[PDB]
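Below you'll find the structure, written out as structure tokens, and then a few comments.
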Amino acid sequence: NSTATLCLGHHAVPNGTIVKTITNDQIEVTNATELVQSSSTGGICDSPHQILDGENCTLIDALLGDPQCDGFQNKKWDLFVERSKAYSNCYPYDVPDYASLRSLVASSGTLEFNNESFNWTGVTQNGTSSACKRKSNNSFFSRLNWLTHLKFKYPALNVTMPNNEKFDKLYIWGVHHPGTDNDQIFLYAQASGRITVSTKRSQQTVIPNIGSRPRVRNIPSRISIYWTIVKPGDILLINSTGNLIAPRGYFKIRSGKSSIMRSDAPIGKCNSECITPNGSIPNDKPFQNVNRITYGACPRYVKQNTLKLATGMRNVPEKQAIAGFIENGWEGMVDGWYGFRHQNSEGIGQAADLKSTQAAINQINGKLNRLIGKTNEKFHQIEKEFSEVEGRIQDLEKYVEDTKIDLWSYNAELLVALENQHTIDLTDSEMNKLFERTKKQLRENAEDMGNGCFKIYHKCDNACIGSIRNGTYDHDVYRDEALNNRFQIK
Amino acid sequence: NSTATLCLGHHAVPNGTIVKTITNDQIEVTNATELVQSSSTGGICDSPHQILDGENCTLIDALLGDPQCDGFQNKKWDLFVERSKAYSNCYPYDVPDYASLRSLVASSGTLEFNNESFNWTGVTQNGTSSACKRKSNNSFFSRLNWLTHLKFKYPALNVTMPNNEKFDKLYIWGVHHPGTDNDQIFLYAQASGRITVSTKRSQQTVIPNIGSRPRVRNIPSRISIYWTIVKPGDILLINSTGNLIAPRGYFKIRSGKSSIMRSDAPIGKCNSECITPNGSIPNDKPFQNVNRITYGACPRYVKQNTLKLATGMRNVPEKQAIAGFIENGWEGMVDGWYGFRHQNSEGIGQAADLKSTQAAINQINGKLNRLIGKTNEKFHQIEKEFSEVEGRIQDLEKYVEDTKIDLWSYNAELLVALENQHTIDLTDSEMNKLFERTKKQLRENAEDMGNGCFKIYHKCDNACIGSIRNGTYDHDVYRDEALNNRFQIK
Amino acid sequence: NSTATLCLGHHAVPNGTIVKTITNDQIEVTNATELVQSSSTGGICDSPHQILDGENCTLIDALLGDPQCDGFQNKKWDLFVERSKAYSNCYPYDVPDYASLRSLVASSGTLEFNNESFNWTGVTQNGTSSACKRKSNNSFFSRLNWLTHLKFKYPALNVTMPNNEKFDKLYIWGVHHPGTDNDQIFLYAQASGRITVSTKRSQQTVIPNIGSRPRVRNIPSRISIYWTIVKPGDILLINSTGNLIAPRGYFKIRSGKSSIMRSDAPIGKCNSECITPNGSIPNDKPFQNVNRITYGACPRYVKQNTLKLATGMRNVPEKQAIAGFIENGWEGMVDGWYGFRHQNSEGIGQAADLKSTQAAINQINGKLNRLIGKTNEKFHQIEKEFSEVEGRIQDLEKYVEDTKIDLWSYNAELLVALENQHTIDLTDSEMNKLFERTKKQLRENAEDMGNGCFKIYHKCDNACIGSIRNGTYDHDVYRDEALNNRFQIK
Ligand SMILES: *[C@@H]1O[C@H](CO)[C@@H](O[C@@H]2O[C@H](CO)[C@@H](O[C@H]3O[C@H](CO)[C@@H](O)[C@H](O)[C@@H]3O)[C@H](O)[C@H]2NC(C)=O)[C@H](O)[C@H]1NC(C)=O
Ligand SMILES: *[C@@H]1O[C@H](CO)[C@@H](O[C@@H]2O[C@H](CO)[C@@H](O[C@H]3O[C@H](CO)[C@@H](O)[C@H](O)[C@@H]3O)[C@H](O)[C@H]2NC(C)=O)[C@H](O)[C@H]1NC(C)=O
Ligand SMILES: *[C@@H]1O[C@H](CO)[C@@H](O[C@@H]2O[C@H](CO)[C@@H](O[C@H]3O[C@H](CO)[C@@H](O)[C@H](O)[C@@H]3O)[C@H](O)[C@H]2NC(C)=O)[C@H](O)[C@H]1NC(C)=O
Ligand SMILES: *[C@@H]1O[C@H](CO)[C@@H](O[C@@H]2O[C@H](CO)[C@@H](O)[C@H](O)[C@H]2NC(C)=O)[C@H](O)[C@H]1NC(C)=O
Ligand SMILES: *[C@@H]1O[C@H](CO)[C@@H](O[C@@H]2O[C@H](CO)[C@@H](O)[C@H](O)[C@H]2NC(C)=O)[C@H](O)[C@H]1NC(C)=O
Ligand SMILES: *[C@@H]1O[C@H](CO)[C@@H](O[C@@H]2O[C@H](CO)[C@@H](O)[C@H](O)[C@H]2NC(C)=O)[C@H](O)[C@H]1NC(C)=O
Ligand SMILES: CC(=O)N[C@H]1[C@H]([C@H](O)[C@H](O)CO)O[C@@](O)(C(=O)O)C[C@@H]1O
Ligand SMILES: CC(=O)N[C@H]1[C@H]([C@H](O)[C@H](O)CO)O[C@@](O)(C(=O)O)C[C@@H]1O
Ligand SMILES: CC(=O)N[C@H]1[C@H]([C@H](O)[C@H](O)CO)O[C@@](O)(C(=O)O)C[C@@H]1O
Ligand SMILES: *[C@@H]1O[C@H](CO)[C@@H](O)[C@H](O)[C@H]1NC(C)=O
Ligand SMILES: *[C@@H]1O[C@H](CO)[C@@H](O)[C@H](O)[C@H]1NC(C)=O
Ligand SMILES: *[C@@H]1O[C@H](CO)[C@@H](O)[C@H](O)[C@H]1NC(C)=O
Ligand SMILES: *[C@@H]1O[C@H](CO)[C@@H](O)[C@H](O)[C@H]1NC(C)=O
Ligand SMILES: *[C@@H]1O[C@H](CO)[C@@H](O)[C@H](O)[C@H]1NC(C)=O
Ligand SMILES: *[C@@H]1O[C@H](CO)[C@@H](O)[C@H](O)[C@H]1NC(C)=O
Ligand SMILES: *[C@@H]1O[C@H](CO)[C@@H](O)[C@H](O)[C@H]1NC(C)=O
Ligand SMILES: *[C@@H]1O[C@H](CO)[C@@H](O)[C@H](O)[C@H]1NC(C)=O
Ligand SMILES: *[C@@H]1O[C@H](CO)[C@@H](O)[C@H](O)[C@H]1NC(C)=O
Ligand SMILES: *[C@@H]1O[C@H](CO)[C@@H](O)[C@H](O)[C@H]1NC(C)=O
Ligand SMILES: *[C@@H]1O[C@H](CO)[C@@H](O)[C@H](O)[C@H]1NC(C)=O
Ligand SMILES: *[C@@H]1O[C@H](CO)[C@@H](O)[C@H](O)[C@H]1NC(C)=O
Ligand SMILES: *[C@@H]1O[C@H](CO)[C@@H](O)[C@H](O)[C@H]1NC(C)=O
Ligand SMILES: *[C@@H]1O[C@H](CO)[C@@H](O)[C@H](O)[C@H]1NC(C)=O
Ligand SMILES: *[C@@H]1O[C@H](CO)[C@@H](O)[C@H](O)[C@H]1NC(C)=O
Ligand SMILES: *[C@H]1O[C@H](CO)[C@@H](O)[C@H](O)[C@H]1NC(C)=O
Ligand SMILES: *[C@H]1O[C@H](CO)[C@@H](O)[C@H](O)[C@H]1NC(C)=O
Ligand SMILES: *[C@H]1O[C@H](CO)[C@@H](O)[C@H](O)[C@H]1NC(C)=O
């Protein structure tokens, strides 16, 4: 009696969460949020990127014009999606440096094709095959022109096509490798010889090679596919005596943000910025462990499957006389993070301190604002999965990606530890600041009891306590009473 | 009266600057410095690196010996500068893997060439062309030897050149692809056949291919360029029946720090360690946003166009009775960063505290010393801009560089935030330390007024105040007076 | 007299060590530990990885079956070690893209070979050479079959081998380039023609090229080596009229963690997880400066040759009346890190504080636990040293590795500075916490003397001092005595 107690404290919750800081591998805090995205819907959203589902067609099949890919003519995409079920159903072919032609067409993002009138005087055009049926008739790749002899003559071709446009032209062409010498004569009326396709700045010479390969869709022959880009002011020149699978025109070649992805995920009617082979994923979080292959505004790939960011202070159980924050949280404090408990003539009371609570909350919201909803866009990259063994180039592609992921995984680990340490520090600091400013108000009218509470040595009723909480307490009013109570022989 | 006031404080400035810390996206400090270099002079300084301006010549034109490049013979460089205006003016040629030959010669850093006496018995040497004029006469690449028939015979060449030196030899040679069968016979007196250039450890076979290409400087033929490196103790062997553009000797191949850069920046008479395509840039700062392409001791390329490093404390306006540092800076404090203000019998005074001021300044200068003027040198790297579409290899080169820049940009962002937080912390700490040590000196002779000031409960004249500032105040001298004043019923 | 002194302090050592923090380039602490591994034993331990020492054989020589490599047949490895002394001693050969075949076999980790019965009707099998002696007889590569004419006929080969297995088959084969037209006829009875090796998904055509190369072990001819991987359900088809160096079967191709390393280090009977070309190195430390080439659970390569992690507090000399921690350490404090010194009626004493000491030690041990003995495994990577000049691909391989090392070296530098700052902070904090809690116990019975000591204003014998140290001091017992002593006119 003749005194009061005023304790400073902070909240605690019954269901806290464990995070990592620089000081502690495990510390329980009142709340945290997940920074690694680990699930996908399992579908690729068809918005807001332009998606082209290849269905049974690879990009290269759609480029050459396999009959089952006729519906793709002239289409564009942000992301071309190639399915594992895709298969070729025309004349058997290969592309030396297939991966590069696939990449450059994918990045260009368009199959726009402009027909041109090549002068094929002296040969038969439009060769077809039972291996490439279009609406039940023998046919061929839509964008290619199989030239054969005319009246058992195949005169030497020396054919030109100038580029008088303001843009580049991509030409796709081929060399036919017949199964037998019989086929060579039947088709071209003479022995095979080289093909040379040239411009002012480039030349490619290819040798047709007669011979049986293992039959594919019953065909032992092959076509090998080549490409040439022709600049404005340059000229395509084609020089051949046979075996030429000629271009019917050129593809536009564009630059932009298009790419290609291998995925079996279904395409859905929905909207998501970040695409992975597993499906679209939300991009609120800064990191993700779903797939290293991404397109769009995506979280960065890391190895961790969880990284928890503290969003509240240390969670400290309440010890079973009122008491302050020293080794003690207040589970009953539910309208603030920090506050006051008092005992005086009028009872025992609690009040939240708004300023300290808001100071902590604002700083935590600040770091969430830097980390949440801030992903950056990436588009065409490098391949990261491989179906064939290749050696040196693939070794480098894999090492580049491994290197990158380990460096990001490190950054993520350090960032979360540093941020969590800072959160513990800033929330501890708001408690300490509140205690110190209360101490300063009280001057010589109170003593520190060592448990986060002051013994106030004068009668201090509810309004008096309120004056301390509100920062309007006038210590001079009570000093005489308090000094007498403090410094009395007992 | 019978008392004095002593306030602890810190300076403030009218023109502060905004920086970023871990706690605050924006906090005003008294001063900061820029860590991202964003401008260039626009010229490449000719010192201290040895610069070779290619003018109208590419490195490869200078290597082969295009007549307009004769002035480059045998020159060395640290940095070869290739101009966008550069053009070839000799026989039209291509180099399979041009980029690699360009790179290896660039990195070697020398065009030193040693003539050798090949045994070309039975052929005519020194073929020339109107397409390659030297001083108005028909000529040819200086370092190459166009062999043609002698008396309508071209006997099979089987020619040797041993390397009996202690160093490697770089041989440059070529294959002529004539426009027509008429030219083939006119030049070599027989049908074309393969060329084989070999050593004990390597072999290259190349097939001349007759045919018209689009005319370049009125020439429908082409030369294709190849290279062979011959080790000490090995032997070059050249085997041909025509179409051989022979070497006249070898290039020295060196190892060191040389490179090549594409730039149109003028070369100036000045001295700068760091070269970019935009010109030389100062290298005081740790980061730069001028160009990802660099040579020499250069700041690291980042995406940010500014990163401000705090070089002073938080800048806090002065509130409109003297008062201390609590929510309050002192704009009138101009000879120190921290200090004392007092009110006593003799007036109101101010003095700077040297120790605390110097402690902060020394620590800030320390971090400037780690960050300023400490760039590291890089020399030949990878190419980072491309004039042609290529696919896989280029995709990887671009991804490697993008990856690197994003990781450095992250490091830069975190470093500056961490350093700035530390600067705010260390400057706040010097203020708090000064307050605490003053508190300790005063013992029971003063009370904390809560605004960064002490109420000293005894007469404390100028010399008394000085004794506190100087750390020589003897509290026992005044304790009796002070205790009487403090603990008095009023 | 009628008073006592109680000082709070921390230990100091005569032999401290210099570390780097964020605040200080150099600060002496009581102890530190090295985080960069800089030495090796100089031997490669034969455990726990399966080591295969190539001795005089390269992997490719062991693959083809050079007689000196017969002992390697069918062996497996985790790490194949190639020696600089290794040399070929059979028919001279080259491998276009040698580096890739070396890499893919190295990564597969097995030389397991299954013989198959090819139908070589109409030719002579098992050609041998004096250039490839096996037990003093003319012989040839064990895994290859040199086919020559039979009765001066070499009928066109068109030979099949289906893959009816559940795994992939690696075929190694070759093309013989004879020195002269005489050898061509002597061996194959007709002019040279192309070789085509194909599957349903691939084709390779190679042209034998007759001509003398510089003699190697007295042989001017060459064999060029090729490879083909055949999938389950696919078929190998070989088509040739001569010059075929045929496969005798296939290699198993596996996937796993195998690699290859160039080293001259001796192999020892010992156990070490981390292998470098310099020898095995311990992997307790997180970083190493021994070699960028590593295999196994290894520290990460950095440029620094030392990084010292503080494992104790700031080391502060003792100043030459007892005194506390303010600018002063206690070299005589050897059974604790923090403690108490007192002066009372019964003498001058010292005692360690266990709690504070253990708190610091536990946190330091925690960070050691994150950093020590926690390396991660890497296996087959990219090559990092090169014996030949190559240009573009090598430039990229080198730049990737340089980039990686600089980023890790940065991470290491920042990590150690941050950790050391945290250690200084946490150890400083334990001292400050101990002082503050002692202050709180003492209430109004003591004053802070400003040197880390309290003047206790009552008789405080050994048991009284112990009660303070033990946290059981009851300030109310002594308050009357203390207040009288404190507030007395003198
Ligand atoms: C070189 O050898 C090849 C493999 O032995 C061979 O290919 C095979 O040819 C046979 C016979 O033409 C094909 O068998 C087909 O036989 C009947 C004929 O009416 C067809 O109706 C069937 O569809 C049946 O498949 C094989 O399919 C074929 N095998 C492979 C792997 O392609 C070549 O013919 C040989 N080349 C030469 C020039 O002789
Ligand atoms: C294959 O076709 C080529 C393109 O049509 C052709 O090249 C062209 O040849 C003509 C005629 O020689 C050149 O025209 C030149 O005509 C007069 C002749 O006196 C010259 O004075 C002029 O300079 C004029 O240019 C073209 O310049 C040339 N076109 C190109 C694109 O190179 C080849 O000649 C043909 N090849 C064969 C073997 O017939
Ligand atoms: C093309 O030129 C080559 C280099 O001059 C040449 O190779 C050289 O051939 C000679 C003679 O055969 C070899 O000399 C050998 O002479 C005696 C003959 O009994 C041997 O016992 C010795 O071992 C001695 O070496 C050279 O070794 C050889 N030089 C090289 C560098 O390989 C070719 O023969 C020529 N090719 C043609 C088709 O003529
Ligand atoms: C490229 O075109 C030229 C010109 O048409 C071809 O040259 C003719 O080839 C025929 C058939 O081999 C010869 O009989 C003529 O004598 C050639 N004409 C001229 C004007 O030289 C040439 O063969 C073609 N080249 C290729 C590789 O197909
Ligand atoms: C490499 O040089 C050898 C030796 O000079 C050439 O071989 C001669 O070639 C001529 C012309 O074709 C033949 O008539 C001779 O019979 C060959 N001589 C010998 C000793 O074999 C060979 O042709 C050259 N090779 C190449 C690819 O040019
Ligand atoms: C691949 O094998 C086929 C079939 O055996 C070869 O074709 C024969 O080649 C001979 C010799 O040149 C000719 O006389 C026959 O007329 C061909 N037979 C048939 C059925 O066409 C062919 O030459 C081989 N190809 C290669 C590149 O070696
Ligand atoms: C362009 C052309 O001639 N196409 C014809 C081919 C080829 O002559 C041979 O297949 C070449 O080997 O033969 C067919 O029987 C076929 O297989 O469909 C009919 C087709 O019209
Ligand atoms: C080495 C040689 O023979 N050079 C001569 C060439 C070539 O014979 C043809 O250009 C080959 O196509 O012809 C010229 O008229 C020329 O164009 O300058 C004269 C020159 O001396
Ligand atoms: C497969 C074969 O025929 N091997 C024979 C070779 C070759 O005929 C020529 O070396 C080819 O140039 O010649 C030998 O004298 C030799 O050099 O060892 C004997 C050997 O049995
Ligand atoms: C925990 O923190 C997150 C992020 O600020 C917030 O959205 C959520 O409401 C909080 N949860 C609780 C139970 O307070
Ligand atoms: C793709 O091919 C499969 C298998 O032939 C067929 O059943 C399916 O209808 C095809 N899909 C499309 C879209 O053409
Ligand atoms: C096609 O090329 C031939 C060359 O043999 C030429 O003579 C003819 O005029 C060209 N045809 C047309 C329609 O221009
Ligand atoms: C995504 O697909 C990859 C590759 O197939 C797989 O490893 C991973 O488990 C998948 N992740 C999720 C969340 O579906
Ligand atoms: C605000 O201050 C006044 C001072 O008279 C005090 O009585 C009142 O209770 C305070 N309000 C609160 C909500 O604490
Ligand atoms: C601000 O800081 C920089 C770096 O220390 C210093 O060079 C400059 O003089 C300072 N400017 C002012 C106005 O104090
Ligand atoms: C480069 O070529 C241009 C265009 O022909 C010419 O005007 C200029 O003088 C040349 N410069 C040099 C240095 O030869
Ligand atoms: C040049 O080579 C021929 C080979 O046909 C040789 O006979 C002659 O001696 C050589 N000439 C000289 C000058 O050594
Ligand atoms: C430097 O040149 C690059 C590439 O042309 C350009 O993007 C950039 O704006 C330039 N920077 C400056 C400061 O001139
Ligand atoms: C230094 O200390 C003495 C103590 O007598 C004091 O009087 C003097 O004013 C002090 N000097 C300064 C510059 O404060
Ligand atoms: C120093 O620290 C290391 C790592 O904790 C420890 O192993 C060693 O015993 C310590 N050395 C001394 C002299 O205390
Ligand atoms: C390797 O070759 C050298 C040199 O001929 C020989 O002395 C040594 O015994 C060989 N070693 C083995 C293991 O065969
Ligand atoms: C080998 O191939 C020939 C083709 O000429 C074939 O006729 C023969 O039956 C085959 N031999 C065996 C043993 O199967
Ligand atoms: C390891 O070997 C490398 C490469 O030869 C050498 O540079 C380095 O000094 C070696 N390090 C040690 C500790 O032996
Ligand atoms: C523990 O506390 C008791 C309190 O009576 C004290 O007397 C004793 O000396 C303390 N023990 C130590 C080791 O300080
Ligand atoms: C094929 O070419 C012929 C010329 O022989 C042309 O009339 C026809 O329209 C072409 N068919 C196409 C492009 O589908
Ligand atoms: C060209 O070669 C001839 C030999 O026919 C020689 O005499 C002359 O000096 C050479 N000219 C050069 C290298 O400029
Ligand atoms: C070589 O082939 C013959 C068939 O001519 C066979 O009998 C013999 O066993 C073979 N020798 C080997 C595989 O060592």
Side-chain angles (χ1 to χ4, degrees), chain B residues 198, chain C residues 44 46 51-59 61-62 64-75 80-93 113-155 157 159 161 172-192 208-224 240 242-251 263-267:
Chain B
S198 60
Chain C
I44 293 170
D46 69 2
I51 305 299
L52 184 45
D53 187 342
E55 302 188 278
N56 287 329
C57 297
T58 62
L59 179 51
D61 282 343
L64 301 184
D66 185 333
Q68 71 189 354
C69 315
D70 285 346
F72 294 88
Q73 285 194 348
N74 300 302
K75 289 180 87 151
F80 190 105
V81 179
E82 281 185 333
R83 310 307 202 163
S84 66
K85 76 191 180 159
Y87 62 99
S88 299
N89 204 24
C90 192
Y91 211 92
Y93 71 93
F113 186 84
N114 280 341
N115 287 102
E116 292 178 310
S117 299
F118 283 86
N119 172 22
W120 303 125
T121 292
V123 294
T124 305
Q125 297 187 48
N126 300 353
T128 63
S129 169
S130 68
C132 188
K133 307 265 194 196
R134 178 172 276 104
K135 293 293 160 69
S136 301
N137 288 350
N138 288 6
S139 200
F140 199 62
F141 297 106
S142 73
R143 309 304 199 183
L144 295 167
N145 189 353
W146 193 354
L147 308 177
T148 57
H149 74 69
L150 180 61
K151 312 295 199 302
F152 311 98
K153 291 198 172 300
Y154 194 118
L157 299 172
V159 177
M161 191 61 67
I172 307 300
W173 53 273
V175 177
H176 184 232
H177 302 286
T180 73
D181 293 329
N182 274 343
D183 286 357
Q184 175 67 33
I185 297 302
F186 181 89
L187 291 168
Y188 315 112
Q190 58 209 358
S192 66
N209 297 307
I210 294 154
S212 305
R213 285 76 165 167
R215 292 187 177 198
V216 168
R217 300 181 295 278
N218 210 36
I219 300 297
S221 305
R222 297 289 189 264
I223 293 166
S224 289
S240 177
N243 304 81
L244 176 63
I245 303 299
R248 297 190 181 272
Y250 62 90
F251 292 90
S263 175
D264 291 327
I267 293 165

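All chains are named by letter (A, B, ...) in the order of the sequence lines, taking the proteins before the strands, and each is independently numbered beginning at 1. Atoms considered below: every heavy atom in the structure, side chains included; atoms not considered: hydrogens, waters and symmetry mates. Start at 1 and go down the list; that is how both ligands and their atoms are numbered.
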Point to revise | Shortest protein heavy-atom distance from atom 4 (C) of ligand 21, along with the residue and atom involved | key: C:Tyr87 OH, 3.9 Å

**Study point:** Shortest protein contact, atom 3 (C) of ligand 21 (heavy atom only)
**Key:** C:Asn56 ND2, 3.6 Å

Revision key, fill the gap. Counting from 1 in the order shown, the ligand 21 atoms closer than 4.0 Å to a non-hydrogen atom of C:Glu55 are 13 (C)

Review point. Can you tell which of C:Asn182, C:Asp183, C:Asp181 makes a side-chain contact (heavy atoms from CB on, under 4.5 Å) with C:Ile210?
Key: C:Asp181

**Study point:** Close side-chain approach of C:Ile223 and C:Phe140, heavy atoms under 4.5 Å
**Key:** yes

Revision key, fill the gap. Between C:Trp120 and C:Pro247 the two heavy atoms that sit nearest each other are CZ2-O, 4.3 Å

Point to revise | Residues in the immediate environment of ligand 9 (any heavy atom closer than 4.0 angstrom) | key: C:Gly127, C:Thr128, C:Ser129, C:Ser130, C:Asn138, C:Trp146, C:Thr148, C:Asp183, C:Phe186, C:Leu187

Review point. Is there a donor-acceptor pair under 3.5 Å between the side chain of C:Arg83 and the backbone N or O of C:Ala265?
Key: yes

Practice item. Compare every heavy atom of C:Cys57 with every heavy atom of C:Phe72, then report the nearest pair and how far apart it is. Key: CE1-SG, 3.8 Å

Review point. Do C:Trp146 and C:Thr128 come close enough that some side-chain heavy atom pair is under 4.5 Å?
Key: no

Dump the pairs for me: ligand 27 N or O, protein N or O, distance under 3.5 Å, to 0.1 Å.
from      : atom 1 : to       : atom 2 : distance (Å)
ligand 27 : 2 (O)  : C:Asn126 : OD1    : 3.2
ligand 27 : 2 (O)  : C:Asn126 : ND2    : 2.3
ligand 27 : 11 (N) : C:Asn126 : ND2    : 3.2

Review point. Using a distance-only test with no angle check, is there a side-chain donor-acceptor pair under 3.5 angstrom linking C:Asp66 and C:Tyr87?
Key: no

Point to revise | Residue pair C:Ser84 / C:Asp264, side-chain donor-acceptor N/O under 3.5 Å | key: yes

**Study point:** 4.0 Å protein heavy-atom contact status of atom 14 (O) of ligand 21, strictly under
**Key:** yes

Point to revise | Nearest heavy-atom neighbours spanning C:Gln73 and C:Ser142 | key: NE2-OG, 3.5 Å

Review point. Any chance the side chains of C:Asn137 and C:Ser139 put a donor and an acceptor closer than 3.5 Å?
Key: no

Practice item. Calculate, to the nearest 0.5 Å, the distance between atoms CZ and SG belonging to C:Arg217 and C:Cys90 respectively. Key: 8.0 Å

